[PDB]
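Taking the form deposited in one PDB entry, here's one chain by itself in C-alpha coordinates.
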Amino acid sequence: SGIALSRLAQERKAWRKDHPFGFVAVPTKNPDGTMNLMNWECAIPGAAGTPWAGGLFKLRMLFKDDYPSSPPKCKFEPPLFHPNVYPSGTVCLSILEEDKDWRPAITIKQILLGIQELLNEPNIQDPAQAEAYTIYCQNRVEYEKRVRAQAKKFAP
(Lines give C-alpha, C1' and ligand atoms only; values in the text may rest on other atoms or scores of the structure.)
Protein backbone atom coordinates (compact mmCIF):
# COMPACT_ATOMS: atom_id res chain seq x y z
CA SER A 1 0.00 0.00 0.00
CA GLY A 2 2.98 2.38 0.44
CA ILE A 3 3.49 2.72 -3.31
CA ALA A 4 -0.14 3.67 -3.96
CA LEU A 5 -0.39 5.98 -0.95
CA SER A 6 2.80 7.83 -1.87
CA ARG A 7 1.58 8.42 -5.40
CA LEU A 8 -1.91 9.43 -4.19
CA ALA A 9 -0.38 12.00 -1.80
CA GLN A 10 1.58 13.39 -4.81
CA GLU A 11 -1.65 13.58 -6.82
CA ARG A 12 -3.49 15.36 -4.01
CA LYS A 13 -0.72 17.94 -3.62
CA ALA A 14 -0.64 18.62 -7.38
CA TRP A 15 -4.42 18.80 -7.62
CA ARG A 16 -4.73 21.32 -4.77
CA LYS A 17 -1.99 23.51 -6.31
CA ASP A 18 -3.51 23.59 -9.79
CA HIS A 19 -6.72 22.06 -11.07
CA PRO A 20 -9.21 22.89 -13.81
CA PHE A 21 -11.89 25.33 -12.73
CA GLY A 22 -15.18 23.84 -11.54
CA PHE A 23 -13.76 20.36 -11.04
CA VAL A 24 -13.72 18.69 -7.64
CA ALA A 25 -11.49 15.82 -6.41
CA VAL A 26 -11.32 15.08 -2.67
CA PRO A 27 -10.36 11.94 -0.75
CA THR A 28 -12.95 10.44 1.58
CA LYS A 29 -12.62 9.24 5.18
CA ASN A 30 -12.26 5.87 6.88
CA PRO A 31 -14.67 4.83 9.68
CA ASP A 32 -12.15 6.19 12.25
CA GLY A 33 -12.13 9.61 10.54
CA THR A 34 -8.69 9.35 8.98
CA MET A 35 -8.19 10.20 5.30
CA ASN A 36 -8.85 7.44 2.75
CA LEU A 37 -6.72 8.20 -0.29
CA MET A 38 -8.08 5.06 -2.03
CA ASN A 39 -11.59 6.47 -2.54
CA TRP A 40 -12.15 10.00 -3.89
CA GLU A 41 -15.33 11.98 -4.45
CA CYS A 42 -15.04 13.98 -7.65
CA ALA A 43 -17.18 16.19 -9.85
CA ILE A 44 -16.89 17.17 -13.49
CA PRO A 45 -18.53 20.32 -14.82
CA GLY A 46 -20.18 20.23 -18.22
CA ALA A 47 -18.30 22.23 -20.85
CA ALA A 48 -19.76 25.64 -21.69
CA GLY A 49 -21.44 25.94 -25.09
CA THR A 50 -22.26 22.22 -25.15
CA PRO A 51 -25.40 20.27 -24.21
CA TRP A 52 -23.61 19.39 -20.93
CA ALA A 53 -23.27 23.02 -19.85
CA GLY A 54 -24.52 23.93 -16.40
CA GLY A 55 -24.41 20.38 -15.08
CA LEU A 56 -22.04 19.15 -12.37
CA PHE A 57 -21.59 15.43 -12.62
CA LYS A 58 -20.49 13.54 -9.50
CA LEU A 59 -18.09 10.63 -9.88
CA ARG A 60 -16.27 8.32 -7.47
CA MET A 61 -12.69 7.31 -8.15
CA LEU A 62 -11.63 3.99 -6.58
CA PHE A 63 -7.98 2.95 -6.44
CA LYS A 64 -6.73 -0.62 -6.04
CA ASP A 65 -3.77 -1.42 -3.82
CA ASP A 66 -1.48 -1.83 -6.86
CA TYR A 67 -2.18 1.68 -8.17
CA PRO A 68 -0.58 3.17 -10.30
CA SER A 69 0.07 -0.20 -11.98
CA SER A 70 -3.71 -0.21 -12.46
CA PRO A 71 -6.07 2.63 -13.34
CA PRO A 72 -8.77 3.71 -10.92
CA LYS A 73 -12.34 2.59 -11.41
CA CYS A 74 -14.33 5.73 -12.20
CA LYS A 75 -18.07 5.53 -11.52
CA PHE A 76 -20.68 8.24 -11.99
CA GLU A 77 -22.90 8.38 -8.88
CA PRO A 78 -25.66 8.52 -9.82
CA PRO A 79 -25.33 6.78 -13.21
CA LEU A 80 -25.49 9.01 -16.31
CA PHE A 81 -27.12 8.78 -19.71
CA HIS A 82 -24.12 8.54 -22.10
CA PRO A 83 -23.19 5.87 -24.68
CA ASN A 84 -19.90 4.97 -22.92
CA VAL A 85 -21.15 4.88 -19.33
CA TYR A 86 -22.38 1.50 -18.11
CA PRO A 87 -25.77 1.35 -16.41
CA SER A 88 -23.85 0.91 -13.14
CA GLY A 89 -22.20 4.30 -13.65
CA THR A 90 -18.78 2.86 -14.49
CA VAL A 91 -16.96 4.77 -17.23
CA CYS A 92 -15.74 2.88 -20.30
CA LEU A 93 -12.61 4.64 -21.61
CA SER A 94 -9.40 3.14 -22.98
CA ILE A 95 -7.06 5.07 -20.65
CA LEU A 96 -9.02 3.47 -17.77
CA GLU A 97 -8.12 -0.14 -18.69
CA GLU A 98 -4.75 -1.61 -17.66
CA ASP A 99 -4.55 -3.78 -20.77
CA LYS A 100 -5.50 -0.92 -23.12
CA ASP A 101 -4.24 2.70 -22.85
CA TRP A 102 -3.60 3.13 -19.12
CA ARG A 103 -0.10 4.39 -18.31
CA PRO A 104 1.02 4.67 -14.65
CA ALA A 105 2.09 8.32 -15.22
CA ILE A 106 -1.46 9.47 -16.03
CA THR A 107 -2.64 11.93 -13.37
CA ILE A 108 -6.01 12.43 -11.68
CA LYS A 109 -6.32 15.72 -13.57
CA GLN A 110 -5.71 13.98 -16.88
CA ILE A 111 -8.32 11.31 -16.01
CA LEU A 112 -10.99 13.87 -15.11
CA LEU A 113 -10.28 16.00 -18.18
CA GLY A 114 -10.36 12.80 -20.28
CA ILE A 115 -13.74 11.88 -18.88
CA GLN A 116 -15.01 15.43 -19.46
CA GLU A 117 -13.94 15.13 -23.10
CA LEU A 118 -15.64 11.75 -23.35
CA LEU A 119 -18.91 13.27 -22.11
CA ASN A 120 -19.18 15.57 -25.12
CA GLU A 121 -17.72 13.15 -27.64
CA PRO A 122 -18.88 9.58 -27.37
CA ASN A 123 -16.93 6.64 -28.77
CA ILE A 124 -19.47 4.73 -30.91
CA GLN A 125 -17.15 1.73 -31.31
CA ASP A 126 -17.23 1.30 -27.54
CA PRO A 127 -20.89 1.23 -26.46
CA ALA A 128 -21.45 0.58 -22.76
CA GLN A 129 -25.18 1.20 -22.51
CA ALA A 130 -27.82 0.36 -25.06
CA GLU A 131 -30.22 3.28 -24.69
CA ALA A 132 -27.89 6.25 -25.02
CA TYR A 133 -25.96 4.48 -27.79
CA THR A 134 -29.15 3.72 -29.76
CA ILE A 135 -30.44 7.31 -29.45
CA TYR A 136 -27.03 8.76 -30.37
CA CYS A 137 -27.03 6.63 -33.55
CA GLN A 138 -30.69 7.21 -34.49
CA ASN A 139 -31.47 10.81 -33.58
CA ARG A 140 -28.75 13.22 -32.54
CA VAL A 141 -31.35 15.95 -31.87
CA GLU A 142 -33.17 13.71 -29.36
CA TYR A 143 -29.83 12.64 -27.90
CA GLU A 144 -28.87 16.25 -27.21
CA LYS A 145 -32.32 17.00 -25.82
CA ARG A 146 -31.84 14.17 -23.31
CA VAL A 147 -28.33 15.43 -22.44
CA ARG A 148 -29.65 18.97 -21.85
CA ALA A 149 -32.40 17.64 -19.58
CA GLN A 150 -29.81 15.65 -17.62
CA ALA A 151 -27.53 18.67 -17.28
CA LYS A 152 -30.40 20.70 -15.82
CA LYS A 153 -31.22 17.85 -13.43
CA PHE A 154 -27.65 17.96 -12.13
CA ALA A 155 -27.23 21.74 -11.98
CA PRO A 156 -25.20 22.52 -8.85
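Residue indices: 1-based, along the sequence shown.
As recorded in the PDB entry, 26-34 is the stretch of 26-34 and 40-48 with the greater mean C-alpha temperature factor.
Checked against the record, the higher mean CA B factor of 62-70 and 118-126 lies with 118-126. In this PDB entry, the Cα temperature factor of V91 sits in the bottom third of its chain's modelled residues, the lowest group.
Annotation for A105: C-alpha temperature factor in the lowest third relative to the rest of the modelled chain, per the entry. When the CA B factors of the chain's modelled residues are split into thirds, the value for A53 lands in the highest one.
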